[PDB]
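Novice: Input: one structure, supplied below.
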Number of protein chains: 2
Amino acid sequence: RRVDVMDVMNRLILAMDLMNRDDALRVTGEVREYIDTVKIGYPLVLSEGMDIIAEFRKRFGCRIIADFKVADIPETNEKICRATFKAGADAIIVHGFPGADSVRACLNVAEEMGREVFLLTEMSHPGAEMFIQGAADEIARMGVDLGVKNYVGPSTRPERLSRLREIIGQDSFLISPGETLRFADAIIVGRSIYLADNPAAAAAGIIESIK
Amino acid sequence: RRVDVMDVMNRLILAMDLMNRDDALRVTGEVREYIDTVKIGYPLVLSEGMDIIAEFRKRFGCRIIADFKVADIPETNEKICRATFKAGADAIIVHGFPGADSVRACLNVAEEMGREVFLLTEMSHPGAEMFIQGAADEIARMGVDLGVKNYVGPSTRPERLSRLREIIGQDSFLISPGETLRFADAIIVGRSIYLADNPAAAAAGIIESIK
């Protein structure tokens with residue numbers, strides 16, 4: 001790993017997509033011994049409040065990545081980032097489709113507050129083929145031209161990760177929602193963990209595979 | 001005006017972009033006699049909580065459009081929409097760049113809950129030229145092919161509104177952030193109102209210009 005980018009324990013990020021605070025805290029706390037980085041999105045935050053971020057940090061001391069896929073005009077992006085970082089997020093995921101100024105607005109606030117911005121270069125759902133896939137390489141290049149050091153790329157396609165690496169370099173931090181860890185620095189896992197009877201064992205299981 | 005689409009009083013929507021609950025409620029309440037539709041975004045919701053939507057409705061009885069520019073995968077979009085409508089929003093603004101399935105997920109929840117989805121076809125900030133501008137017409141057409149009846153388009157360029165109308169038809173509802181009301185059904189105003197010494201007079205002023 002690279003010293004200048006975030007260290008994710010066991011290279012495994014938990015995508016906590018549950019919308020109930022009780023279930024969300026229960027699962028996260030149970031895997032803290034294996035995972036130190038949790039990705040939280042709007043489903044949970046809008047349902048339980050932004051204060052849930054501080055709770056995850058105060059109760060588990062985990063790093064929090066806010067998957068808010070920020071995609072507004074510069075001034076609004078700035079406010080969203082400031083509010084999110086104020087709430088305690090260590091990093092935020094932002095869309096690149098809105099352009100360079102919208103991304104820079106996010107980078108500025110992260111610079112001011114000592115936090116991080118992850119640029120989302122591509123998505124893997126079927127609809128992504130319409131506009132996102134074709135803009136992926138240019139969005140990645142835009143990130144490079146913005147000094148972005150953290151990226152979120154696809155995962156269901158290995159050849160896409162190699163393509164992304166050719167653009168962002170071997171040093172930047174890359175996370176993807178075995179062979180994947182040959183290009184990405186960490187993998188994001190949701191269902192397989194937060195839906196298992198014993199998420200503690202679930203996490204330990206996938207980690208053993210990384211071993 | 002068309003009977004099957006929302007009726008916005010005075011064709012003026014307030015963009016309540018303030019992040020403080022005290023200021024937000026003060027301004028909105030002061031213009032309720034002129035405006036019955038308020039657009040709220042993440043800056044306010046993330047800072048004060050989603051419960052602020054119910055408060056705007058319970059205190060002012062205004063219609064609330066949640067400008068969340070939803071831009072995730074289908075399943076997450078569904079959860080965001082359900083949480084937002086549960087909170088009381090009458091409508092939600094969604095990005096079209098993530099594709100047809102991501103938009104349809106939103107339309108499904110709106111159908112289930114009797115609410116509305118606004119498709120954002122284009123943006124006017126400088127960075128929008130990179131990817132959004134070139135996809136605008138196709139996104140608008142995608143909306144038509146999804147049965148979308150509510151759209152958010154640009155505004156700083158009249159010829160773009162005419163272009164949008166050529167695609168969505170003369171019946172669909174269109175809102176834009178004088179000549180504008182020749183194409184859009186309602187205009188969205190922020191600064192000019194929520195920053196004025198007396199927002200009540202500010203609203204009345206721009207309305208007199210519409211008359």
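FYI, nothing fancy with the structure tokens labels: chains A, B, ... in order, residues from 1 per chain, ligands from 1 as they appear.
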According to DSSP computed on the backbone, where in range 3-180 of chain B is there strand (DSSP E)? Give the residues as number ranges by chain.
Specialist: B: 12-16, 37-41, 63-70, 91-95, 116-120, 150-152, 173-176
Novice: Mind dumping the selected residues with C-alpha atoms as a CSV table (one decimal), in the first residue's frame?
Specialist:
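And here's again-v2.csv as it stands now:
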```csv
chain,number,residue,atom,x,y,z
B,12,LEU,CA,-43.1,30.9,-8.6
B,13,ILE,CA,-41.2,28.3,-6.7
B,14,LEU,CA,-39.0,29.3,-3.7
B,15,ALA,CA,-35.6,27.6,-3.7
B,16,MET,CA,-35.0,27.5,0.1
B,37,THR,CA,-44.4,25.5,-3.5
B,38,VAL,CA,-40.9,25.3,-1.9
B,39,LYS,CA,-37.9,23.5,-3.2
B,40,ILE,CA,-35.6,22.1,-0.4
B,41,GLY,CA,-32.2,20.5,-1.0
B,63,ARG,CA,-45.9,21.7,-1.5
B,64,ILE,CA,-42.3,20.5,-1.1
B,65,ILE,CA,-40.1,19.5,-4.0
B,66,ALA,CA,-37.0,17.6,-2.7
B,67,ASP,CA,-34.0,18.7,-4.9
B,68,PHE,CA,-31.9,15.7,-4.1
B,69,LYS,CA,-30.6,15.1,-7.7
B,70,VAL,CA,-30.9,11.4,-7.1
B,91,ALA,CA,-41.9,15.4,-5.4
B,92,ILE,CA,-38.3,14.6,-5.9
B,93,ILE,CA,-35.8,15.7,-8.6
B,94,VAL,CA,-33.7,12.9,-10.1
B,95,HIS,CA,-30.7,12.9,-12.5
B,116,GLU,CA,-44.1,12.9,-8.4
B,117,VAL,CA,-40.7,12.6,-10.0
B,118,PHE,CA,-39.0,15.5,-11.8
B,119,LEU,CA,-36.3,14.6,-14.4
B,120,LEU,CA,-33.3,16.9,-14.5
B,150,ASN,CA,-42.3,16.6,-14.8
B,151,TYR,CA,-39.0,18.2,-15.8
B,152,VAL,CA,-36.4,20.6,-14.6
B,173,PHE,CA,-44.8,20.3,-16.5
B,174,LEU,CA,-41.5,22.2,-16.8
B,175,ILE,CA,-39.8,24.3,-14.2
B,176,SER,CA,-36.6,26.4,-14.6
```
Novice: Return the neighbours of chain A among the residues of chain B, cut-off 6 Å, counting only C-alpha atoms, as a ChimeraX atom specification.
Specialist: /B:43,49,79-80,97-101,127-128,130-131
Novice: Report, in Å with one decimal, the straight-line distance from CA of residue 22 in chain A to CA of residue 209 in chain A.
Specialist: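 These atoms are spaced 29.1 Å apart.
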Novice: Residues near residue 207 in chain A, anyone? I mean within 9 Å using only C-alpha atoms, not counting same-chain ones fewer than 6 positions away, as a list in words.
Specialist: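 Residues meeting the cut-off are residues 10, 11, 12 and 34 of chain A.
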Novice: For residue 210 in chain A, list every protein, DNA or RNA residue within 12 Å, evaluated using only C-alpha atoms, and leave out those in the same chain fewer than 5 positions away; present the list as a list in words.
Specialist: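 Surrounding residues, per the criterion: residues 9, 10, 11, 12, 178, 179, 180, 181, 182, 185, 186, 187, 203, 204 and 205 of chain A.
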Novice: Pull the alpha helix (DSSP H) assignments for range 56-193 of chain B out of DSSP run on the backbone, and list those residues as a ChimeraX atom specification.
Specialist: /B:56-60,74-86,100-113,132-144,158-168,191-193
Novice: Mind dumping the selected residues with C-alpha atoms as a PDB file, in the first residue's frame?
Specialist:
```
ATOM      1  CA  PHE B  56     -42.731  23.113   6.355  1.00  0.00           C
ATOM      2  CA  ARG B  57     -45.912  21.233   5.434  1.00  0.00           C
ATOM      3  CA  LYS B  58     -47.463  21.320   8.924  1.00  0.00           C
ATOM      4  CA  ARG B  59     -46.655  25.003   9.498  1.00  0.00           C
ATOM      5  CA  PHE B  60     -47.218  26.413   6.012  1.00  0.00           C
ATOM      6  CA  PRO B  74     -31.841   1.451  -9.013  1.00  0.00           C
ATOM      7  CA  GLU B  75     -32.140  -0.194  -5.594  1.00  0.00           C
ATOM      8  CA  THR B  76     -30.545   2.711  -3.773  1.00  0.00           C
ATOM      9  CA  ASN B  77     -32.615   5.231  -5.749  1.00  0.00           C
ATOM     10  CA  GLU B  78     -35.726   3.357  -4.635  1.00  0.00           C
ATOM     11  CA  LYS B  79     -34.728   3.603  -0.972  1.00  0.00           C
ATOM     12  CA  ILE B  80     -33.845   7.286  -1.243  1.00  0.00           C
ATOM     13  CA  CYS B  81     -37.204   8.050  -2.861  1.00  0.00           C
ATOM     14  CA  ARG B  82     -39.185   6.008  -0.364  1.00  0.00           C
ATOM     15  CA  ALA B  83     -37.444   7.676   2.589  1.00  0.00           C
ATOM     16  CA  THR B  84     -37.965  11.118   1.054  1.00  0.00           C
ATOM     17  CA  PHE B  85     -41.643  10.558   0.283  1.00  0.00           C
ATOM     18  CA  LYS B  86     -42.140   8.995   3.723  1.00  0.00           C
ATOM     19  CA  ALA B 100     -33.340   4.526 -17.617  1.00  0.00           C
ATOM     20  CA  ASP B 101     -33.463   1.881 -14.901  1.00  0.00           C
ATOM     21  CA  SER B 102     -32.253   4.330 -12.266  1.00  0.00           C
ATOM     22  CA  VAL B 103     -35.008   6.758 -13.254  1.00  0.00           C
ATOM     23  CA  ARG B 104     -37.665   4.047 -13.455  1.00  0.00           C
ATOM     24  CA  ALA B 105     -36.855   2.916  -9.907  1.00  0.00           C
ATOM     25  CA  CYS B 106     -37.823   6.432  -8.813  1.00  0.00           C
ATOM     26  CA  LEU B 107     -40.978   6.502 -10.913  1.00  0.00           C
ATOM     27  CA  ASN B 108     -42.048   3.162  -9.411  1.00  0.00           C
ATOM     28  CA  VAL B 109     -41.917   4.450  -5.843  1.00  0.00           C
ATOM     29  CA  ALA B 110     -43.677   7.673  -6.832  1.00  0.00           C
ATOM     30  CA  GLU B 111     -46.383   5.549  -8.472  1.00  0.00           C
ATOM     31  CA  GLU B 112     -46.720   3.419  -5.337  1.00  0.00           C
ATOM     32  CA  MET B 113     -46.922   6.409  -3.010  1.00  0.00           C
ATOM     33  CA  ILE B 132     -24.342  17.119 -19.291  1.00  0.00           C
ATOM     34  CA  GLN B 133     -24.995  19.495 -22.192  1.00  0.00           C
ATOM     35  CA  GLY B 134     -24.250  16.821 -24.774  1.00  0.00           C
ATOM     36  CA  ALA B 135     -26.567  14.307 -23.112  1.00  0.00           C
ATOM     37  CA  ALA B 136     -29.448  16.707 -22.431  1.00  0.00           C
ATOM     38  CA  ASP B 137     -31.579  15.956 -25.485  1.00  0.00           C
ATOM     39  CA  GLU B 138     -31.215  12.197 -25.081  1.00  0.00           C
ATOM     40  CA  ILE B 139     -32.004  12.421 -21.379  1.00  0.00           C
ATOM     41  CA  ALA B 140     -35.137  14.419 -22.195  1.00  0.00           C
ATOM     42  CA  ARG B 141     -36.145  11.817 -24.783  1.00  0.00           C
ATOM     43  CA  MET B 142     -35.473   9.042 -22.264  1.00  0.00           C
ATOM     44  CA  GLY B 143     -37.850  10.812 -19.907  1.00  0.00           C
ATOM     45  CA  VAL B 144     -40.520  10.866 -22.593  1.00  0.00           C
ATOM     46  CA  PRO B 158     -34.107  30.606 -23.824  1.00  0.00           C
ATOM     47  CA  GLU B 159     -33.253  28.589 -26.946  1.00  0.00           C
ATOM     48  CA  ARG B 160     -32.576  25.581 -24.716  1.00  0.00           C
ATOM     49  CA  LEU B 161     -36.054  25.736 -23.223  1.00  0.00           C
ATOM     50  CA  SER B 162     -37.578  25.797 -26.691  1.00  0.00           C
ATOM     51  CA  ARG B 163     -35.446  22.783 -27.588  1.00  0.00           C
ATOM     52  CA  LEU B 164     -36.589  20.964 -24.449  1.00  0.00           C
ATOM     53  CA  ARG B 165     -40.249  21.704 -25.262  1.00  0.00           C
ATOM     54  CA  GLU B 166     -39.816  20.271 -28.761  1.00  0.00           C
ATOM     55  CA  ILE B 167     -38.860  17.008 -27.066  1.00  0.00           C
ATOM     56  CA  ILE B 168     -41.184  16.819 -24.053  1.00  0.00           C
ATOM     57  CA  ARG B 191     -31.277  34.499  -3.547  1.00  0.00           C
ATOM     58  CA  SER B 192     -33.533  37.342  -4.696  1.00  0.00           C
ATOM     59  CA  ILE B 193     -36.025  36.204  -2.057  1.00  0.00           C
TER      60      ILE B 193
END
```
Novice: Which residues, written as a PyMOL selection string, have at least one atom at most 10 Å from residue 2 in chain A, with only C-alpha atoms counted and residues fewer than 3 positions away on the same chain left out?
Specialist: chain A and resi 5-7+170-173+185
Novice: How about saving the chosen residues, N, CA and C atoms kept, as a PDB file, in the first residue's frame?
Specialist:
```pdb
ATOM      1  N   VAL A   5      -2.063   7.527   1.129  1.00  0.00           N
ATOM      2  CA  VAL A   5      -3.496   7.294   0.961  1.00  0.00           C
ATOM      3  C   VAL A   5      -4.019   6.511   2.157  1.00  0.00           C
ATOM      4  N   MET A   6      -5.327   6.566   2.383  1.00  0.00           N
ATOM      5  CA  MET A   6      -5.924   5.897   3.536  1.00  0.00           C
ATOM      6  C   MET A   6      -5.664   4.406   3.655  1.00  0.00           C
ATOM      7  N   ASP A   7      -5.458   3.964   4.889  1.00  0.00           N
ATOM      8  CA  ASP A   7      -5.227   2.557   5.150  1.00  0.00           C
ATOM      9  C   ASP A   7      -6.546   1.947   5.606  1.00  0.00           C
ATOM     10  N   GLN A 170      -0.627   4.008 -10.632  1.00  0.00           N
ATOM     11  CA  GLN A 170      -0.533   2.934  -9.651  1.00  0.00           C
ATOM     12  C   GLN A 170      -0.537   3.406  -8.202  1.00  0.00           C
ATOM     13  N   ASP A 171      -0.436   4.713  -7.986  1.00  0.00           N
ATOM     14  CA  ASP A 171      -0.395   5.247  -6.628  1.00  0.00           C
ATOM     15  C   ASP A 171      -1.721   5.685  -6.014  1.00  0.00           C
ATOM     16  N   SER A 172      -2.618   6.238  -6.825  1.00  0.00           N
ATOM     17  CA  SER A 172      -3.910   6.691  -6.315  1.00  0.00           C
ATOM     18  C   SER A 172      -4.684   5.565  -5.642  1.00  0.00           C
ATOM     19  N   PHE A 173      -5.562   5.932  -4.714  1.00  0.00           N
ATOM     20  CA  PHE A 173      -6.362   4.959  -3.975  1.00  0.00           C
ATOM     21  C   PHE A 173      -7.617   4.618  -4.768  1.00  0.00           C
ATOM     22  N   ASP A 185      -7.494  -1.080  -4.277  1.00  0.00           N
ATOM     23  CA  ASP A 185      -6.812  -1.153  -2.993  1.00  0.00           C
ATOM     24  C   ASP A 185      -7.702  -1.765  -1.920  1.00  0.00           C
TER      25      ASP A 185
END
```
